[PDB]
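Below is one structure; the comments refer to it alone.
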Amino acid sequence: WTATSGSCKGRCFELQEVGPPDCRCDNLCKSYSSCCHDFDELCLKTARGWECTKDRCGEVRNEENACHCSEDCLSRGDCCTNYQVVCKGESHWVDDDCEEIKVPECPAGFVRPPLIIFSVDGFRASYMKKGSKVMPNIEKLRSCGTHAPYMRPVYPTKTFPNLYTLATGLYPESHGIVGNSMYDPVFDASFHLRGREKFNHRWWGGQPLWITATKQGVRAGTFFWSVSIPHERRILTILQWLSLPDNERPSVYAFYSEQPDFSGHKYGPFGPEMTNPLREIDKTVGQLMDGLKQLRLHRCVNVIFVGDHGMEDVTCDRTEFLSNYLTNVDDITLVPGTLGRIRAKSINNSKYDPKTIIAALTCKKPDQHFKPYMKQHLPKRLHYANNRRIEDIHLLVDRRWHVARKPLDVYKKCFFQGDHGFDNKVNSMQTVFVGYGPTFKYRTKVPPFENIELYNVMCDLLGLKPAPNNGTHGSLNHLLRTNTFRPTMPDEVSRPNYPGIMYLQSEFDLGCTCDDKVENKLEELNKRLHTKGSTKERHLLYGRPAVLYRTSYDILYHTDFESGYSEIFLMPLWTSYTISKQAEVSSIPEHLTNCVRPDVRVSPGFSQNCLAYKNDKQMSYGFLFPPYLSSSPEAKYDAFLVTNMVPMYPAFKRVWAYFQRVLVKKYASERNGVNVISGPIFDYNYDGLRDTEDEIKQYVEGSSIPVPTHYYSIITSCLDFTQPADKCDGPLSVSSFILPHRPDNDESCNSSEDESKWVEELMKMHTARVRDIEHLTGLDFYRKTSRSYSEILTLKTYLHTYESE
Ligand SMILES: *[C@@H]1O[C@H](CO)[C@@H](O[C@@H]2O[C@H](CO)[C@@H](O[C@@H]3O[C@H](CO[C@H]4O[C@H](CO)[C@@H](O)[C@H](O[C@H]5O[C@H](CO)[C@@H](O)[C@H](O)[C@@H]5O[C@H]5O[C@H](CO)[C@@H](O)[C@H](O)[C@@H]5O)[C@@H]4O)[C@@H](O)[C@H](O[C@H]4O[C@H](CO)[C@@H](O)[C@H](O)[C@@H]4O[C@H]4O[C@H](CO)[C@@H](O)[C@H](O)[C@@H]4O)[C@@H]3O)[C@H](O)[C@H]2NC(C)=O)[C@H](O)[C@H]1NC(C)=O
Ligand SMILES: Cc1nnn(Cc2cc(C(F)(F)F)ccc2CCC(=O)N2CCN(S(=O)(=O)c3ccc(S(N)(=O)=O)cc3)CC2)n1
Ligand SMILES: [Ca+2]
Ligand SMILES: [Cl-]
Ligand SMILES: [K+]
Ligand SMILES: [Zn+2]
């Protein structure tokens, strides 16, 4: 109950919301049908429109008017945005030459520059170029401030997941808004776009920017706007709040536009009808900047122009129907559209098997426009698994397509020509970022970055300490003139051992044989020095990674590679090696095909054995430093050490072998050498974080050799590809991946063909940031470079996406 008999006289858009049954006058009241009787009259005035005209100039203050052209208006702080233009001969902000803002030029009493976030739904990255003739205000911001070519959203590329990721710096899996539709099985509740359950605070995890601000003594303007409140009134309210007394005035504000997303759904991303929504957004931006300039705040305030996601061409004829794959289509529930989530309709039905459902959706048509997944097999870059609200079965839908349950759902519910929600690496889903103001840089292009990073930056812009989040704080320091956060390297927790020769061949009973019984003081002293670390400068280019958890490990040196060997997991955590442009691939000789050799620096009890692999019919084994790239027949023996061995399913070996035999050399040619660091990953609980020993669900049969869920590689070279990887004076270039370690290749529908037609394609899909790999291994890479740490942080968040321009 709301007793709406109270009034909004003097309370219009109040910043502290009052509790029922008292009526409300805040900018959300409309959405809860709880405004006071007079809210429309007093707070949503529209009389005489939104602009001063010559004849209104100097008028008598009429309080009924939407905005005022009277003489007193400036001091009341309620002029129309164009008042000084029309009535005082000033220019519009867009017509002024832009001039560097080296320091905040703010009115007295302002304790910090305010931050205004102008968020636009569906603003696809390519509109900045393609709509440039009709968006002059936005184009001034972009060219005079700091901008990226695009900003990467989070998956799913839907509105609520992305706006709340912008607000918190969290992946949807961690903040809880994992879609626009959701079911929580612990609550036994459903979250929808329509209706009231979305207003319950239990859905919304983490700490959004406005609560972070409030808690640390920074006043926040309320971020949300009810849909019926027109844009012009949202702007005027923000400008009103900026006129307030120093002790009541907020330091951070948000504007939200439902365009261009709303139109984009009807007319498609580039429909001729889309020009007009872009004109109107630009007009609104123009009103803000004109308003700020009136208040002498235009060289004081930091303005962020940011989108949540883009828009793709999607029509009703491009729908895949689960009814054309599943006989049992009525026993499931489908969250449909640009992604698919499948659970059982009834939890009482114990004859619901997700495996047979997955199998019925796998490679069944030759052009199939979706791929099903257990959520824990989704690419790790999506971070879309560790939440009870995300269904075990997921469908990644091809760009331009939909998935529905049955045809009746598509015609009983063609209307739309645009949609979004696809994989966040897809170009059409990319969105925008511009930063403009004293704390941002002048006329600066920055590289593409992910929207998870902005929460930290907005905290920095407001002098706030950010709540724990998934940004990498410091990775966007290059956007800022000052206010930068100065990060330190995390301290190494476990120092390594450096074992020498401590064991005789005969102490090992591994069941491993090798054809290596063949016999010199020139090449004996020389090989010792390789085992003590003479070529380590060659193979470990960026320092050894730091282990950031408590564990027991050994650094092992060799001619061609260097490893940090875990005595706990009985395999390397990492293997580092460099392949120059001119290095040569060789084969595995016939005498060494099944050769595995004891490592005399590591005890039998901390080594693997071959009998485990013999007795495990499912599990085979592979190598982290590839024998294929040994530098000499003598060096090749080092690659067959038991300490270079890792468990591999025969299906994964096809992948690994192709990567090691062909691709590594291919990349070395194309990039002028590469440093490679490869290793195992264990994420049985799919939280994106290194598992402890006691979380490992699978061992090689009859042993304590744990089985990785994934294998990673980090491939680094010189950004200036004229210089070789091993002699690079400048910025680095990196690409990486996290391959799921799977016993079949069902993910790759063309896997029965030659590895040259699908392997590289699989790797692309499972491309990763170094930072992803850090979370999963508890390692810290690039500890010793000649580069700044911020630059390295930027490099660690880089994702190689494999999309075109
Ligand atoms: C992205 O960044 C985020 C943010 O930094 C990272 O997530 C953090 O990971 C931490 C490590 O896993 C995690 O720390 C745990 O916190 C537990 C207390 O959590 C509450 O308090 C925080 C702080 O205010 C709050 O934010 C939490 O909110 C979560 O949960 C509610 C649901 O109840 C949601 O509303 C909210 O959206 C959020 O959900 C997300 O996180 C939870 C996990 O916290 C997931 O389950 C969800 O799926 C969702 O992703 C909470 O209200 C604390 O209890 C944990 O401690 C246990 O484990 C330690 C290990 O050291 C052990 O020693 C302790 O004994 C303890 O175990 C006890 O409970 C066990 C299970 O019941 C039991 O086995 C034991 O026997 C014990 O009884 C732990 O310290 C932190 O909460 C989250 N934070 C967030 C916001 O998600 C994330 O890792 C980053 N991602 C990547 C890839 O880097
Ligand atoms: C979603 C979402 N998550 N965070 N935001 C705030 C946000 C964040 C940014 C930023 F991160 F800075 F970029 C910019 C602009 C906005 C405003 C977005 C907006 O005005 N709308 C329209 C209104 N609704 S609503 O569904 O009616 C609704 C009402 C109340 C609640 S509650 N329970 O939190 O009180 C929840 C939903 C959400 C979308 N929206
Ligand atoms: Ca884990
Ligand atoms: Cl959804
Ligand atoms: K085997
Ligand atoms: Zn939309």
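Naming scheme: A, B, ... for chains in displayed order of the structure tokens; residues 1 onward per chain; ligands 1 onward as shown.
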Would you mind listing, for every residue of chain A within 8 Å of ligand 5, the two atoms forming the shortest contact and the distance between them in Å to one decimal, using only C-alpha atoms and all ligand atoms, sorted by chain and ascending residue number, as a Markdown table?
| residue | atom | partner | partner_atom_place_in_ligand_line | distance |
| --- | --- | --- | --- | --- |
| A:612 | CA | ligand 5 | 1 (K) | 7.9 |
| A:613 | CA | ligand 5 | 1 (K) | 4.5 |
| A:614 | CA | ligand 5 | 1 (K) | 4.8 |
| A:615 | CA | ligand 5 | 1 (K) | 6.4 |
| A:616 | CA | ligand 5 | 1 (K) | 4.8 |
| A:617 | CA | ligand 5 | 1 (K) | 4.4 |
| A:618 | CA | ligand 5 | 1 (K) | 5.8 |
| A:619 | CA | ligand 5 | 1 (K) | 4.6 |
| A:620 | CA | ligand 5 | 1 (K) | 4.3 |
| A:621 | CA | ligand 5 | 1 (K) | 7.6 |
**Study point:** Contacts to ligand 6 at 10 Å cut-off (only C-alpha atoms and all ligand atoms) as a ChimeraX atom specification
**Key:** /A:121-122,157-160,180,258-265,308-311,418-421
Next, write the just-selected residues to a file, as a CSV table (one decimal), in the first residue's frame, keeping N, CA and C atoms as the atom set.
chain,number,residue,atom,x,y,z
A,121,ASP,N,21.8,2.6,-24.6
A,121,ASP,CA,21.5,1.2,-24.9
A,121,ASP,C,21.6,0.9,-26.4
A,122,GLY,N,22.3,-0.2,-26.7
A,122,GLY,CA,22.5,-0.7,-28.1
A,122,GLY,C,23.4,0.1,-29.0
A,157,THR,N,25.6,-10.6,-24.0
A,157,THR,CA,25.6,-9.2,-24.4
A,157,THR,C,24.2,-8.6,-24.4
A,158,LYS,N,23.5,-8.7,-23.3
A,158,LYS,CA,22.2,-8.2,-23.0
A,158,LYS,C,22.4,-6.9,-22.1
A,159,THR,N,21.2,-6.2,-22.0
A,159,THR,CA,21.2,-4.9,-21.3
A,159,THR,C,21.5,-5.0,-19.8
A,160,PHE,N,20.8,-5.7,-19.1
A,160,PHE,CA,20.9,-5.7,-17.6
A,160,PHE,C,22.2,-6.3,-17.1
A,180,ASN,N,18.5,-11.3,-19.1
A,180,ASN,CA,17.3,-10.5,-18.9
A,180,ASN,C,16.1,-11.4,-18.4
A,258,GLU,N,17.2,4.7,-23.8
A,258,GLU,CA,16.7,3.4,-24.3
A,258,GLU,C,17.0,3.3,-25.8
A,259,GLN,N,17.3,4.4,-26.4
A,259,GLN,CA,17.8,4.4,-27.8
A,259,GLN,C,19.4,4.4,-27.9
A,260,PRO,N,20.0,3.9,-28.9
A,260,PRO,CA,19.3,3.4,-30.1
A,260,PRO,C,18.8,1.9,-30.1
A,261,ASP,N,18.9,1.3,-28.9
A,261,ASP,CA,18.5,-0.1,-28.9
A,261,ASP,C,17.0,-0.3,-29.3
A,262,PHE,N,16.1,0.5,-28.8
A,262,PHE,CA,14.7,0.4,-29.0
A,262,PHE,C,14.3,0.3,-30.5
A,263,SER,N,14.8,1.3,-31.3
A,263,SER,CA,14.7,1.3,-32.7
A,263,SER,C,15.4,0.2,-33.4
A,264,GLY,N,16.6,-0.1,-33.0
A,264,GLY,CA,17.4,-1.1,-33.6
A,264,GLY,C,16.8,-2.5,-33.7
A,265,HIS,N,16.0,-2.8,-32.7
A,265,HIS,CA,15.2,-4.0,-32.7
A,265,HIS,C,14.1,-4.1,-33.8
A,308,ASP,N,26.2,-0.2,-23.6
A,308,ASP,CA,26.2,-1.5,-23.0
A,308,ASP,C,26.5,-2.7,-23.9
A,309,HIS,N,26.1,-2.6,-25.2
A,309,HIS,CA,26.2,-3.6,-26.2
A,309,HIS,C,25.9,-3.0,-27.5
A,310,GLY,N,26.1,-3.7,-28.6
A,310,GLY,CA,25.7,-3.3,-30.0
A,310,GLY,C,24.4,-3.9,-30.4
A,311,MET,N,24.3,-4.2,-31.7
A,311,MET,CA,23.1,-4.7,-32.4
A,311,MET,C,23.5,-5.4,-33.7
A,418,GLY,N,16.4,-6.8,-35.6
A,418,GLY,CA,17.6,-6.6,-34.9
A,418,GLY,C,17.6,-7.2,-33.5
A,419,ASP,N,18.8,-7.8,-33.1
A,419,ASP,CA,18.9,-8.3,-31.7
A,419,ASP,C,20.4,-8.4,-31.3
A,420,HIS,N,20.6,-8.8,-30.0
A,420,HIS,CA,21.9,-8.8,-29.4
A,420,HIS,C,21.8,-9.8,-28.3
A,421,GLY,N,22.9,-10.1,-27.7
A,421,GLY,CA,23.1,-11.2,-26.7
A,421,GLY,C,24.1,-12.3,-27.1
**Study point:** stretch 693-708 of chain A surroundings by only C-alpha atoms, 6 Å radius, close-in-sequence under 2 positions cut, as a PyMOL selection string
**Key:** chain A and resi 616+680-682+691+710
Output file for the selection above: N, CA and C atoms, as a CSV table (one decimal), in the first residue's frame:
chain,number,residue,atom,x,y,z
A,616,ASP,N,45.4,-47.2,-17.6
A,616,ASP,CA,44.3,-46.3,-17.9
A,616,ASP,C,44.0,-46.4,-19.4
A,680,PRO,N,49.3,-26.8,-17.5
A,680,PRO,CA,48.0,-27.4,-17.2
A,680,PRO,C,47.2,-26.4,-16.3
A,681,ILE,N,45.9,-26.6,-16.4
A,681,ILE,CA,44.9,-25.8,-15.6
A,681,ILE,C,44.0,-26.8,-14.9
A,682,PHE,N,43.6,-26.6,-13.7
A,682,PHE,CA,42.6,-27.4,-13.0
A,682,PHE,C,41.5,-26.5,-12.5
A,691,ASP,N,42.3,-24.5,-8.7
A,691,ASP,CA,41.8,-25.4,-7.7
A,691,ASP,C,43.0,-25.9,-6.8
A,710,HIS,N,42.0,-28.1,-18.4
A,710,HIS,CA,42.4,-27.4,-19.6
A,710,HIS,C,44.0,-27.3,-19.7
Review point. Smallest atom-to-atom distance to ligand 1: which of A:782, A:485, A:39, A:203, using only C-alpha atoms and all ligand atoms?
Key: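 Closest residue, counting only C-alpha atoms and all ligand atoms: A:203.
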Practice item. Would you please give, as a list in words, all residues of stretch 236-285 of chain A that DSSP assigns to strand (DSSP E or B) based on the backbone? Key: residues 252, 253, 254, 255, 256 and 257 of chain A
Output the selection as a PDB file, in the first residue's frame - N, CA, C and O atoms for each residue.
ATOM      1  N   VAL A 252      28.607  12.191  -8.401  1.00  0.00           N
ATOM      2  CA  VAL A 252      28.435  11.304  -9.544  1.00  0.00           C
ATOM      3  C   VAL A 252      26.967  11.222  -9.954  1.00  0.00           C
ATOM      4  O   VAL A 252      26.079  11.189  -9.098  1.00  0.00           O
ATOM      5  N   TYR A 253      26.744  11.183 -11.267  1.00  0.00           N
ATOM      6  CA  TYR A 253      25.423  11.182 -11.882  1.00  0.00           C
ATOM      7  C   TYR A 253      25.363  10.176 -13.042  1.00  0.00           C
ATOM      8  O   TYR A 253      26.368   9.920 -13.697  1.00  0.00           O
ATOM      9  N   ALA A 254      24.173   9.659 -13.334  1.00  0.00           N
ATOM     10  CA  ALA A 254      23.948   8.860 -14.551  1.00  0.00           C
ATOM     11  C   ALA A 254      22.764   9.359 -15.380  1.00  0.00           C
ATOM     12  O   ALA A 254      21.708   9.674 -14.830  1.00  0.00           O
ATOM     13  N   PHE A 255      22.975   9.446 -16.695  1.00  0.00           N
ATOM     14  CA  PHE A 255      21.886   9.493 -17.679  1.00  0.00           C
ATOM     15  C   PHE A 255      21.787   8.164 -18.449  1.00  0.00           C
ATOM     16  O   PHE A 255      22.810   7.568 -18.775  1.00  0.00           O
ATOM     17  N   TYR A 256      20.563   7.720 -18.745  1.00  0.00           N
ATOM     18  CA  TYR A 256      20.320   6.501 -19.540  1.00  0.00           C
ATOM     19  C   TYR A 256      19.378   6.799 -20.690  1.00  0.00           C
ATOM     20  O   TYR A 256      18.365   7.443 -20.494  1.00  0.00           O
ATOM     21  N   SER A 257      19.738   6.339 -21.885  1.00  0.00           N
ATOM     22  CA  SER A 257      18.856   6.335 -23.036  1.00  0.00           C
ATOM     23  C   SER A 257      18.507   4.900 -23.462  1.00  0.00           C
ATOM     24  O   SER A 257      19.375   4.032 -23.569  1.00  0.00           O
TER      25      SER A 257
END
Contacts of residue A:220 at 9 Å or less, counting only C-alpha atoms, minus same-chain residues fewer than 4 places along, as a PDB file with N, CA and C atoms, in the first residue's frame?
ATOM      1  N   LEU A  15      16.683  12.935  -3.705  1.00  0.00           N
ATOM      2  CA  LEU A  15      17.842  12.031  -3.768  1.00  0.00           C
ATOM      3  C   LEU A  15      17.831  10.898  -2.734  1.00  0.00           C
ATOM      4  N   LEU A 209      28.605   1.233  -8.189  1.00  0.00           N
ATOM      5  CA  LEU A 209      29.361   2.469  -7.978  1.00  0.00           C
ATOM      6  C   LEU A 209      28.679   3.457  -7.012  1.00  0.00           C
ATOM      7  N   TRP A 210      27.355   3.594  -7.117  1.00  0.00           N
ATOM      8  CA  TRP A 210      26.610   4.538  -6.260  1.00  0.00           C
ATOM      9  C   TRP A 210      26.683   4.171  -4.762  1.00  0.00           C
ATOM     10  N   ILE A 211      26.685   2.882  -4.431  1.00  0.00           N
ATOM     11  CA  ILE A 211      26.832   2.425  -3.028  1.00  0.00           C
ATOM     12  C   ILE A 211      28.290   2.552  -2.563  1.00  0.00           C
ATOM     13  N   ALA A 213      30.239   4.859  -3.625  1.00  0.00           N
ATOM     14  CA  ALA A 213      30.386   6.278  -3.417  1.00  0.00           C
ATOM     15  C   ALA A 213      29.769   6.695  -2.088  1.00  0.00           C
ATOM     16  N   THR A 214      28.505   6.332  -1.875  1.00  0.00           N
ATOM     17  CA  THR A 214      27.770   6.709  -0.648  1.00  0.00           C
ATOM     18  C   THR A 214      28.539   6.294   0.600  1.00  0.00           C
ATOM     19  N   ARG A 249      25.040  18.476  -2.878  1.00  0.00           N
ATOM     20  CA  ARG A 249      25.214  18.234  -4.313  1.00  0.00           C
ATOM     21  C   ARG A 249      25.918  16.901  -4.559  1.00  0.00           C
ATOM     22  N   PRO A 250      25.359  16.043  -5.429  1.00  0.00           N
ATOM     23  CA  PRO A 250      26.097  14.825  -5.764  1.00  0.00           C
ATOM     24  C   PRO A 250      27.383  15.027  -6.575  1.00  0.00           C
ATOM     25  N   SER A 251      28.301  14.088  -6.431  1.00  0.00           N
ATOM     26  CA  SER A 251      29.563  14.094  -7.177  1.00  0.00           C
ATOM     27  C   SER A 251      29.526  13.156  -8.388  1.00  0.00           C
ATOM     28  N   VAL A 252      28.607  12.191  -8.401  1.00  0.00           N
ATOM     29  CA  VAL A 252      28.435  11.304  -9.544  1.00  0.00           C
ATOM     30  C   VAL A 252      26.967  11.222  -9.954  1.00  0.00           C
ATOM     31  N   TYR A 253      26.744  11.183 -11.267  1.00  0.00           N
ATOM     32  CA  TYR A 253      25.423  11.182 -11.882  1.00  0.00           C
ATOM     33  C   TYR A 253      25.363  10.176 -13.042  1.00  0.00           C
TER      34      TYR A 253
END
Point to revise | alpha helix (DSSP H) per DSSP on the backbone: members of stretch 314-549 of chain A, as a VMD selection string | key: chain A and resid 354 to 360 407 to 411 454 to 461 522 to 532 536 to 539
Output C-alpha atoms for every residue in the selection just made, as a CSV table (one decimal), in the first residue's frame.
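For reference, part-v3.csv as written:
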chain,number,residue,atom,x,y,z
A,354,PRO,CA,21.1,-33.7,-20.0
A,355,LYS,CA,23.7,-35.9,-21.8
A,356,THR,CA,21.2,-37.3,-24.3
A,357,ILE,CA,19.8,-33.8,-24.8
A,358,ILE,CA,23.3,-32.5,-25.6
A,359,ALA,CA,23.9,-35.4,-27.9
A,360,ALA,CA,20.6,-34.8,-29.7
A,407,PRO,CA,7.6,-22.6,-34.2
A,408,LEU,CA,4.4,-21.5,-32.2
A,409,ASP,CA,6.7,-19.5,-29.8
A,410,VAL,CA,7.9,-17.4,-32.8
A,411,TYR,CA,4.5,-16.5,-34.4
A,454,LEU,CA,35.5,0.8,-16.0
A,455,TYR,CA,34.3,0.4,-12.3
A,456,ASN,CA,38.0,0.9,-11.2
A,457,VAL,CA,38.4,3.9,-13.4
A,458,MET,CA,35.2,5.5,-12.2
A,459,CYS,CA,36.4,4.9,-8.6
A,460,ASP,CA,39.7,6.6,-9.5
A,461,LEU,CA,37.9,9.6,-11.1
A,522,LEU,CA,83.8,-30.8,-24.6
A,523,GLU,CA,80.1,-31.7,-24.6
A,524,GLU,CA,79.9,-32.9,-20.9
A,525,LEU,CA,80.9,-29.6,-19.4
A,526,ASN,CA,78.7,-27.9,-22.0
A,527,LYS,CA,75.6,-30.0,-21.1
A,528,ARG,CA,76.1,-29.5,-17.3
A,529,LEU,CA,76.0,-25.7,-18.0
A,530,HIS,CA,72.6,-26.1,-19.9
A,531,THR,CA,71.3,-28.1,-16.8
A,532,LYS,CA,72.6,-25.2,-14.5
A,536,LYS,CA,67.8,-19.7,-19.6
A,537,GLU,CA,68.3,-16.0,-20.9
A,538,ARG,CA,67.0,-17.4,-24.2
A,539,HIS,CA,64.0,-19.4,-23.0
Point to revise | For residue A:334: contacts at 10 Å, only C-alpha atoms, fewer than 5 positions along chain excluded, given as a list in words | key: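 The filter keeps residues 322, 329, 339, 340, 341, 342, 343, 344, 345, 391, 393, 394, 403, 404, 405 and 406 of chain A.
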**Study point:** Minimum-distance residue to ligand 2, chosen among A:106, A:101, A:236, A:306 (using only C-alpha atoms and all ligand atoms)
**Key:** A:306
